[PDB]
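Undergrad: My questions will all concern the structure given below.
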Amino acid sequence: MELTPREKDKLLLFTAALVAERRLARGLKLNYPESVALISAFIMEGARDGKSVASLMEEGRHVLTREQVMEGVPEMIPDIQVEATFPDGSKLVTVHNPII
Amino acid sequence: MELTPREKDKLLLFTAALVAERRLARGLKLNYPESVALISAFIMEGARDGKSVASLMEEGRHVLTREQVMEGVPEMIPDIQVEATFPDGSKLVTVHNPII
Amino acid sequence: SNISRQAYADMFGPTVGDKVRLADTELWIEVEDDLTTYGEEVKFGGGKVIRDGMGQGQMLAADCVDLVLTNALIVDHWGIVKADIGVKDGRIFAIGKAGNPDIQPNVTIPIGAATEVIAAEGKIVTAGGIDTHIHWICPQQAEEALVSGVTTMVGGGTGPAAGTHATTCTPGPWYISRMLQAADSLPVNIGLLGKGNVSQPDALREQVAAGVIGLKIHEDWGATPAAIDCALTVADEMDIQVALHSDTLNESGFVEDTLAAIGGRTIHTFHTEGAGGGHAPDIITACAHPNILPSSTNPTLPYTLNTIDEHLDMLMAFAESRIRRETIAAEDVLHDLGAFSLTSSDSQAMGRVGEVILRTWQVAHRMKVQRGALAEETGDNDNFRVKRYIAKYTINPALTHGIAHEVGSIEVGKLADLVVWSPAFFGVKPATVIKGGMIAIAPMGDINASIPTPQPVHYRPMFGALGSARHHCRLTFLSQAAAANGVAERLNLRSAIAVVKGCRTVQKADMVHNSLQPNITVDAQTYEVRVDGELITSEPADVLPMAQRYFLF
Amino acid sequence: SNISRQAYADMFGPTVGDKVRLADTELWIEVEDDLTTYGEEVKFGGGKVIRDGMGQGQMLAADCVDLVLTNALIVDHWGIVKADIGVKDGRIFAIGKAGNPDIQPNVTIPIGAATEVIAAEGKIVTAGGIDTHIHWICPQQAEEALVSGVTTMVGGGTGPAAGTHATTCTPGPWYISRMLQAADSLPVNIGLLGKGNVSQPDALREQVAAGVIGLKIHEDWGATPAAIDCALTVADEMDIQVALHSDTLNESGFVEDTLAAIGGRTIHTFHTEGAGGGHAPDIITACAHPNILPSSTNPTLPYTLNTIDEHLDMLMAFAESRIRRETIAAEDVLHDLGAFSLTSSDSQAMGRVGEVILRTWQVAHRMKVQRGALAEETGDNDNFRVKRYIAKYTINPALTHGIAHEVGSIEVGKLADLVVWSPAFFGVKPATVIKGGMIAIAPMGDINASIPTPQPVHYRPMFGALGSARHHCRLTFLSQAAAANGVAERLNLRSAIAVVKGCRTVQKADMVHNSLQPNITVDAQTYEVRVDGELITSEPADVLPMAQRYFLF
Amino acid sequence: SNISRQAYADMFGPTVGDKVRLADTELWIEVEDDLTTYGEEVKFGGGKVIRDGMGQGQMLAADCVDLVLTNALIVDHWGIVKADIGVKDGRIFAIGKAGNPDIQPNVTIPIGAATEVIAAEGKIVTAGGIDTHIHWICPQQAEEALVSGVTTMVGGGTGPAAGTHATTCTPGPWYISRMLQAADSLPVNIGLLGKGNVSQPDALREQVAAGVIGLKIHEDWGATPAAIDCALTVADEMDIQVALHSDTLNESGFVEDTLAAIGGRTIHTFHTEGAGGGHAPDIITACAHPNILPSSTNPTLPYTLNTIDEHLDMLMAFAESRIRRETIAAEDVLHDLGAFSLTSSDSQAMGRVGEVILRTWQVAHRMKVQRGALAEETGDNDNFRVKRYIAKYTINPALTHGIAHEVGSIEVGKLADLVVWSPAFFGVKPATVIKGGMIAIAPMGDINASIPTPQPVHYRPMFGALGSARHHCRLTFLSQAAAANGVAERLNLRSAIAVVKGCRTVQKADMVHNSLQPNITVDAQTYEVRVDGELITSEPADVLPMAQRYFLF
Amino acid sequence: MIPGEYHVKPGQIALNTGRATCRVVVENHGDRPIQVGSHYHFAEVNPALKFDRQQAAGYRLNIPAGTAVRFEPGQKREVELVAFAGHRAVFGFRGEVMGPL
Ligand code: NI
Ligand code: NI
Ligand code: NI
Ligand code: NI
Ligand code: NI
Ligand code: NI
C-alpha cells in the first residue's frame with residue numbers, strides 16, 4: 001500500500017467515525033468528538049465518490065441535527081474542516097454550522 | 001491482550017481493509033491501496049480459519065477482478081504478500097497476479 | 001552474444017531510445033544516453049556480477065565508493081541518462097560505470113569490500129526536493145515532506161503560534177537559537193528565516209548573526225516600503241536572501257511602489273500569482289523583472305474545478321480581490337513558459353507540505369495536454385518539459401537561497417540526497433529516500449515477516465534518521481556571520497553545518513530552464529493577464545493523475 | 001469612537017464586568033480588572049496592529065519580549081484579570097499592556113522585531129499544573145499529564161516494578177541517577193522522591209545527596225514511628241520535603257501515635273482522606289494540625305454514584321475499613337472549606353494521571369451546587385471559589401515542595417509554563433501548552449492540510465518537546481546537596497537545573513486560600529466526620545460536567 | 001507452623017518437586033532446588049516482609065543490592081531452581097536468599113533502603129535471548145526482538161539496501177561508523193558484522209579496526225575458497241568470528257572443498273540445514289566437524305504442513321535443490337540430539353525476528369511428542385531437554401561470538417539482561433524485559449487508568465529505553481583493535497562498550513548441551529540424511545502450540 | 001494506459017563487442033549440480049567440471065551479465081567464453097592466479 005503518514009492519520013478519523021456511527025445507531029445523542037468524527041468521515045467518502053467541494057459544503061450540514069446531539073454540542077462546533085483526495089487532487093471542505 | 005508491535009501493525013491493515021470493503025459495497029472501482037488492503041485482509045482471515053497456504057495462494061486470486069478496480073491497478077500489483085498465524089505458526093502467503 | 005531489447009529492459013532497466021511513462025500521467029521521458037558497456041553491467045545477487053574478484057575489486061576503502069546505485073535512470077535538469085552512481089563520504093562521488101578495473105573495462109566507479117549496493121535497475125533516481133516556503137507550525141511536517149521526496153526545508157516558525165500560522169518568521173535570537181537546536185532532531189536539511197519587518201537595521205543584523213539564512217517580509221508584520229528597504233540593505237551586507245509577501249491592501253502603495261522600494265535588488269517573491277498574498281490584483285507582474293526570483297505555493301497548482309470554491313474559506317471584501325480565476329489560470333501557463341521559476345508548499349498556511357513534487361508534475365501533465373510540445377522540445381518525448389519542471393523544486397530553489405553548492409542536483413561533490421522511484425509511482429510515493437548517504441525513510445512491510453515486502457507496507461524511519469547517524473547525514477544552514485561568531489559551538493549543535501553564499505548575485509537569468517521575463521500586464525478591472533497583448537489562460541481540470549489511484553483517503 | 005460591549009467581547013475577548021462559564025459547569029468567573037487602554041489593544045493579522053512602526057517598535061532584542069500573549073483572560077490565585085503577557089528568556093517578563101511606546105500610550109510590554117505572537121483574545125490563560133504524587137510506572141504518563149495541563153511532576157519510581165506500583169519511591173543512588181538521566185527525555189519539569197523508610201539516617205542522606213528532592217514514607221516499606229522520625233531528621237537537615245502514607249493497619253500505633261512521632265515537624269500527607277492509604281479510619285484528622293500540608297489523590301474527587309463500587313477492586317478485611325462513604329463524602333466539603341490544600345493524582349496506583357485538573361473543577365462544581373456561595377465570595381460570581389480551587393494544583397503544591405520560586409503561578413520572574421484554554425473546554429482539553437517559553441504540545445490537525453485545523457485533530461508534540469530545545473525549556477529539580485556535589489555534571493544531565501528550598505518552613509497557614517485548621521473528629525465505629533460537632537457530609541453525583549460531552553471513550 | 005504445598009505454591013510460587021507446564025506445550029519442568037528457608041521468604045506489600053527493621057536492613061547503598069527479584073523460578077542451562085536474584089550496578093550480584101541479616105537467617109542478598117523490588121513469585125526468569133543472524137534492514141526490528149525476549153542482536157546492514165536485504169554485512173568503515181552511532185538509539189546490545197568477501201586482507205583489517213566484531217562471508221558477494229581463507233586469516237589475527245553462507249551453486253567447488261578451505265579453523269555456519277543458503281544439497285554435513293559452530297535460522301523450525309509451500313516463494317532451478325523436505329525434517333531431530341547448537345532468526349531475509357525463542361520451544365515440543373524422553377533425562381520431567389534448548393539461544397550464541405563474559409546466562413558478574421515470564425505465556429509474551437538492571441519494555445495498560453492493568457494492554461517502552469538511561473544500560477561490542485584505536489571516543493559513542501574475545505578458541509565441544517558431532521551423510525540424489533547409516537527424519541506438524549491461542553493475527 | 005509503462009524500441013543488443021572469444025566443451029563429472037556466473041573466472045570453476053582449463057585462462061562466460069549456466073551431474077555442453085578486460089589481473093576464486101593474466 002505504501003501508506004504515507006497522512007493516509008495512516010486519516011485511518012484514525014475513519015475509525016473514530018465507526019465508533020460514533022454505531023452509537024448513533026443505538027439511539028444515543030452524540031457528544032463533541034463523536035459528531036466531528038461522523039461528519040468528517042461523511043465528507044471524505046463524498047470526495048471518494050467524486051462529489052464537488054460545493055456540493056459537500058452543503059450536504060455536510062444535513063448529517064446530524066440538533067436533536068441527535070447532546071446539549072451545547074452544536075455551539076461547540078461552529079464549523080468542520082477536512083481534506084480528501086478528489087478526482088482533481090486534495091481539497092479543503094469547510095462546513096459552517098454543520099449542526100442545526 | 002499484551003499486543004506485540006506486529007499485532008498492532010496488522011490492526012492497521014485490518015482497518016485499511018474496512019475502508020475498501022465499504023467502498024466496494026458502494027459499487028466503486030477500487031484503487032491501488034484499497035485493493036492491496038482488501039485482498040490481504042482476506043488472506044489473514046483465511047489463516048485464522050485454518051486454511052492451508054496452498055489453498056489461500058489460489059483463493060486470493062479470486063477476491064477482486066479487473067472490472068472491480070481502476071485502470072492500471074492490476075498492473076501495479078504483480079503480487080501480494082502477507083503473513084498470519086496459521087494453526088502451525090506464521091507463514092507467508094504470496095498471491096501472484098491476484099487481479100485478472 | 002545478443003539479447004532482445006525487451007529482455008534487456010527487464011533485466012537492467014531501459015536504455016538509449018526507450019521511453020518510460022511518468023506515473024499515470026501523459027508525460028514520457030526517453031533515455032538520452034547510457035554510460036554502460038553492454039555486457040559489463042553490474043548486478044547484485046547470488047551468482048551475479050558484484051562478487052570478489054569479479055565485479056568487486058581488491059582496493060581499500062579509501063580507493064572505492066561507500067555506495068553504488070546500479071543501473072539507475074537519472075532524471076535531472078542536465079539530462080535523463082542511464083548510469084551507475086557512486087557515493088563516498090556522504091557525497092556524490094561520480095556518475096558513470098561501476099565495477100572492478102581488474103577485469104572490467106571503462107570502470108570509473110570502483111566497487112570494493114567497503115561498497116554497499118542499492119539496485120536501481122528499472123528505477124528513476126532524482127535529487128531530493130527543496131521547499132523554501134515552510135511554516136514551522138509543527139515538527140511532524142518534516143516527516144511528511146521527507147516521505148514525498150523533499151530533503152531540504154527552508155522556512156520560519158516557532159510552532160503553532162499566531163505569528164507562525166501566518167508568516168514564515170522565526171522572531172529574534174532566542175527563538176532562532178531554540179529552533180536551530182530543535183533542528184538537530186529532524187531528518188531534513190534546514191535553514192531558518194527571521195522576521196524582516198523592521199525599520200531599524202540593527203534589529204535585523206542581530207537575527208542574521210543569530211543564525212538565520214534569510215529574512216521574511218510579510219504584510220501581517222507590515223510590508224511597507226521602509227521595512228522592505230531596511231531588509232534588503234542588511235541582505236546585501238550579510239549575503240542572505242529576502243522572501244517577500246507584499247502589501248495586499250495597497251495600503252502603503254501599489255505593486256509598482258513596492259517594486260520601486262526594492263530598487264532592482266535581488267528578492268524572492270513568494271506565491272507570485274497572488275492568491276497566497278500580495279498586491280491585489282497585480283503582484284503577478286513581478287515576474288517580468290530580472291532581480292525577481294518568482295515562486296508559487298501549491299494550492300493553486302494546477303487550476304482545477306474545485307480550486308476557487310475551496311480557496312474562499314481557506315482565506316476567510318478583499319477575498320474576491322485576492323482569489324481570482326484569471327491570475328490562477330494564467331499561473332499554470334507562466335510555469336510552462338519558464339516565467340515562474342520555483343514551486344513551494346506554504347505548509348499549513350495555504351499549502352500542502354507533502355504535495356510540492358506531486359502538484360508540479362500535475363501542472364506539467366495538464367499543460368502538455370492543453371498546449372502540446374514546448375518549442376525547445378526535440379524528438380517525440382517530453383524530456384525538455386521534464387527538465388524545466390524538475391528544476392523548479394531542485395536546483396532553482398537551491399540557487400535562490402545560496403545553498404546550491406551543497407544540494408539541489410545530482411552533481412559531483414554535492415551532498416548525497418537522492419530519491420529512488422519506481423516509474424509507476426514517480427512523484428507520488430518513493431521507493432527509497434537517502435539523506436547524506438544513508439537511507440532515512442522508505443516503505444517497509446511486516447517487521448516480523450520473512451521478507452521486508454509483506455503487508456502492511458507503510459513509510460517508516462530508517463537508520464539515517466536515528467540519533468547521531470542523523471546528525472552526520474543532515475545539514476543545518478547558517479549565515480556566514482553566525483558561522484563566524486561560533487553559533488554552532490555556543491548552541492552545541494550536533495549536526496553538520498553549511499553556510500549560505502551567493503544570495504545577492506543570483507538573478508532571473510540564472511534560473512535553470514526558467515529564465516523568461518515576459519512583457520506581462522494585468523487588467524485592473526477584469527484581472528485578465530496578458531503577455532505582449534496576448535491573453536494568457538487555461539482550462540480547469542476535472543480529473544488529475546497522481547490522485548485517486550494512489551491514495552487511500 | 002464607540003463600540004458595543006458585545007462586538008468588543010467578540011473582537012478582543014471579555015472585559016471588566018463580563019462573565020464567562022467555565023466549560024459546561026455552573027461555575028462563572030467575572031473579569032475583575034482590565035489592564036488595557038480602550039482603542040490601543042494589540043491584535044495580529046493582515047492590516048492589524050502589530051506591524052512595523054505601529055504596534056511593533058524599533059527596539060533591539062534585548063529591549064523587547066520574545067513572546068507576547070495578547071488579550072489573555074488570566075485566572076490565577078491572585079486574580080482574574082484581562083491583560084497582555086510578556087515572556088522573555090523563558091520566563092514571565094510582565095503582565096500589562098503590550099505595544100510600541102513610540103506611538104502607543106501605557107506600554108509596559110514592548111513588542112519588537114524579535115517578538116513572536118500568540119493570540120489569546122477569547123482565551124483563558126493559567127499556570128501549568130503541578131502534580132506531587134506521581135508513580136513513575138511508565139514514561140507515557142508524562143505526555144498524558146502534559147496534555148491535561150500539568151507541567152511539573154514530582155514522584156518516584158523506576159518503572160513497572162512491584163515497589164513502584166505501590167509506592168512513590170526511587171530506591172537508592174543507582175536508580176536515582178538513572179531516573180535523573182531519563183528525565184531529560186520527558187517534556188515536564190521533574191523532581192524525584194527516594195525511599196524514606198529506614199532507621200539509619202546515613203542511608204537517607206545518601207539518597208538526598210544523590211539527587212532526590214524529597215523522601216516518601218510508605219507503609220509498604222514500614223511506616224513505623226522510628227522510620228518516620230529518621231526521615232524528618234534528615235529532612236530538617238537537608239531542606240527537603242517528606243511525603244507520608246501512614247500505617248493503615250494501626251500496627252505500630254494509631255493516628256495520634258504517628259502525629260506524635262512527627263513532632264510538629266513539617267510533613268506533606270498524601271491522600272489525607274484515607275481511601276488511598278493511612279490509619280483506618282481517622283487519618284483525615286491530620287488536616288487540623290498546623291505542620292501538616294494535606295492533599296487528596298483524585299479517584300475520590302468528587303463523590304459520585306459509582307465511587308464506592310469501583311474502589312473495592314482497585315484495592316483488592318481492611319478493605320471496608322479503608323473505603324468509607326463517610327470520609328469520602330466529607331473530603332469534598334473539606335476541600336470547599338480550605339481544610340485540604342492540594343490535589344494530586346496517585347498515577348496508576350489508585351489515581352488518574354490526566355484527571356487532576358478536571359476532577360478539581362468537578363468538585364468545585366458539585367460544592368457550589370450543594371452549598372451555594374462561599375462566605376468569602378463577593379459579587380454575583382464564583383471568583384473566590386475559583387481562586388481557592390486553582391491554588392490546589394498550582395501554587396500550593398509548589399510551596400509544599402520548595403519549588404515555588406520557579407513555578408506554580410503566573411508571576412514575574414517565574415518559568416513560563418502556561419496553558420491556554422478556550423472557555424468551552426476549560427480544564428478538559430487545552431488549546432496550547434507552553435513549557436519554558438516554547439509550545440511543547442497542542443492539538444494539531446491534518447499535517448498535509450492547507451491549514452492546521454482540518455481533521456483529524458489530536459494532541460501532537462511540538463518543538464518545545466524536541467531534543468535540545470526540550471532540555472532548554474524544562475527543569476530538573478535537585479536537592480541543595482546534590483547540586484553542590486556536582487551531580488548534574490557527573491551524570492551529564494542536559495536540562496536546566498533548579499534547586500528546592502523552603503520545604504521545612506512552609507506550614508498550613510502558608511497555603512494560599514486553603515489554610516483552614518478545623519476542629520475535626522471521626523467516630524471510631526460509625527466513621528462520621530464532624531467539625532466542631534457539626535456533621536460533614538455531601539450527596540453523590542449521578543452525572544458530572546467535563547465528562548461525556550468531551551470524551552470519545 | 002505448617003502450610004499445605006498448594007497454598008504455598010499460590011503464595012510464593014512452586015517449590016522442590018512441583019512441576020509447571022511451559023505455556024500450552026507438553027513440556028514440563030520440575031523445580032530441582034529451592035534456596036529459601038521455609039518461613040523466611042521475602043514478600044513485598046502492605047504488612048508484608050520487606051519493611052524497615054524486618055526484611056529490609058539498615059545498610060548503606062554500597063552494602064545492599066539495587067534490585068531484588070523475589071521468589072523467582074530460574075530456568076537456565078545450569079539449572080531450574082527457585083531463588084531470589086540480586087542485581088547491583090547493572091549486573092547480576094547473586095542468586096540465593098534475600099533479606100535482612102539482622103533478624104533473618106541465611107541471607108546472602110541484602111535488602112536495604114536503596115533496594116527496589118520486583119515480585120517474581122509464580123514467575124519464570126530467564127536470561128535475555130541472543131540473536132546472531134540479524135539483517136539490519138530496519139531499526140524497528142530491535143523493538144520487535146526486545147518484546148520477544150531477545151536482548152542482544154548481532155548482525156550487519158545499513159538499512160533497506162539490496163546488499164543488506166541479502167546479506168548480514170555492514171560494508172566498510174564509513175557505514176560501520178554510522179551504524180555504530182545509530183546503535184546508541186536502540187534498546188538492545190549490538191555487535192556488527194562487516195563484509196568478509198575479499199582476497200586482500202588489508203580490506204578486512206580496516207573493517208575490524210573500524211569496529212566490527214565479525215565478518216560475514218556470503219555467496220552473493222562471492223563465497224570462494226580464496227575469500228574464505230582470507231577472512232579466516234584476519235579472524236585468527238584479530239580475534240573475531242566468521243559467519244558463513246556457502247556456495248549454493250557449487251560454482252567454486254562442493255561442500256568438501258569449502259571445508260578444505262576452512263582448514264579446521266573456527267567458523268560459525270549460518271542456517272546449516274541449507275534452505276537459507278549453502279552447498280546444495282549437503283551443507284548440513286558441516287555439523288560433524290569439531291571447528292564448526294552450527295546454527296539454524298527460524299523459518300524451518302519446526303517442520304510443519306505449510307513449510308515447503310511457503311518456502312518456494314520466499315526464495316523465488318536451484319529452488320528445488322535448496323528447499324528439501326529431507327534435510328528440513330532431519331534438522332529438527334539434529335537439534336534434539338545436540339548436533340545443531342544455536343538458533344537464530346535471519347530477520348527479514350528468510351527469518352522472523354520476533355520468533356527465535358517461540359520456534360525453538362515449538363521444536364522441543366514436537367520432538368518430545370515424536371521421540372519421547374532424551375537419554376540424558378532423569379526423573380519424570382523434561383528438565384534436560386529444556387536446558388538443551390534454552391542454551392541454543394542464550395549461552396551458545398554468546399560463546400560463539402566471544403561475548404559470553406558479558407551476557408548469555410544468569411550468572412554472577414554478567415550484565416543483568418533478564419526476562420520475566422508467566423508460565424502460561426512462556427516464550428510467547430513476556431511480563432518484563434530488563435536491560436542492564438532497568439525495565440526496558442513491558443506490557444502496559446491504560447496510561448490514565450487507576451492501575452497499570454486496565455485495557456488496552458500492549459508493549460510500551462519504559463525508562464530503560466530512554467535517552468541517557470538507555471545508554472547506561474546497553475552494550476556496544478567492539479573488536480579489540482577498534483577499542484584500542486579509540487573508536488568509541490572518535491565516534492563519540494554514548495553507550496557502554498564491551499570487547500569481544502575468545503572467538504577463535506571456541507569449538508563444537510564447548511557448546512553447552514549441544515556438542516554432538518554425528519557421523520552424518522546426505523544422499524546426493526535422494527537428499528536423505530543419515531547418521532551412522534540410520535535415516536534421520538520426522539513428521540510435519542498440523543497444529544503447533546504457542547500459536548493461535550496467543551496472537552490476534 | 002499503464003502507470004510507469006515502458007515503450008522499449010524493438011531490436012537487439014550486442015554484448016561484449018570486440019573481445020576475444022572461444023568455445024569449449026565442458027562436462028560435469030560430479031554427482032551434484034554446478035552453476036556458474038557470467039563473470040566468474042572459468043579456469044577456476046569447480047574441479048568436477050572437466051574441460052581444457054588452459055584455454056579458459058583469462059576467460060569468463062560470454063552471456064548477459066548476472067545470468068548463469070547450469071550443469072546437472074553428467075551433463076556435457078559447449079559454452080562460449082569471452083576474455084577478461086581491464087587490467088586483466090585475476091584475484092580470488094580458487095587462488096590459482098592471484099595476479100595479472
Ligand atoms: Ni505569504
Ligand atoms: Ni506562507
Ligand atoms: Ni499512598
Ligand atoms: Ni501513591
Ligand atoms: Ni544466508
Ligand atoms: Ni541471512
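Following the order of the C-alpha cells, first chain is A, next is B, and so on, with residues numbered from 1 inside each chain and ligands from 1 in the order they appear.
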Excluding residue B:18 and residues on its chain fewer than 4 positions from it, collect all residues at most 9 Å away from it, counting only C-alpha atoms, and give them as a ChimeraX atom specification.
TA: /B:13-14,22-23,37-38,41
Undergrad: Quick one: residues within 7 Å of ligand 1, with only C-alpha atoms and all ligand atoms, as a ChimeraX atom specification?
TA: /C:167,218,245,270-271,276-277
Undergrad: If you run DSSP on this backbone, which residues of stretch 98-142 of chain D come out as strand (DSSP E or B), and could you give them as a PyMOL selection string?
TA: chain D and resi 98-99+109-110+116-119+124-127+129-135
Undergrad: Starting from chain C, keep only residues with some atom at most 6 Å from an atom of chain D, counting only C-alpha atoms, and report them as a list in words.
TA: residues 138, 139, 161, 162, 163, 171, 172, 178, 181, 182, 198, 200, 203, 220, 221, 222, 348, 349, 350, 351, 352, 353 and 354 of chain C
Undergrad: Show which residues sit within 10 Å of stretch 22-39 of chain E, as a PyMOL selection string. Count only C-alpha atoms, and ignore same-chain residues fewer than 6 positions away.
TA: chain E and resi 1-3+8+14-16+71-75+79-84+95-98+104-107+124+361-362+364-366+368-369+379-387+421-428+544-547+549-550
Undergrad: Would you pick out the contacts of residue B:84 at 10 Å or less, using only C-alpha atoms, so that residues sharing its chain but fewer than 6 positions from it are not included, and give the list as number ranges by chain?
TA: B: 7, 10, 40-41, 43-48, 90-93; C: 449; E: 548, 551-553
Undergrad: With a distance cut-off of 8 Å and only C-alpha atoms, select the neighbouring residues of residue F:48, excluding the residue or stretch itself and same-chain residues fewer than 3 positions from it, and output the selection as a list in words.
TA: residues 253 of chain E; 28, 29 and 30 of chain F
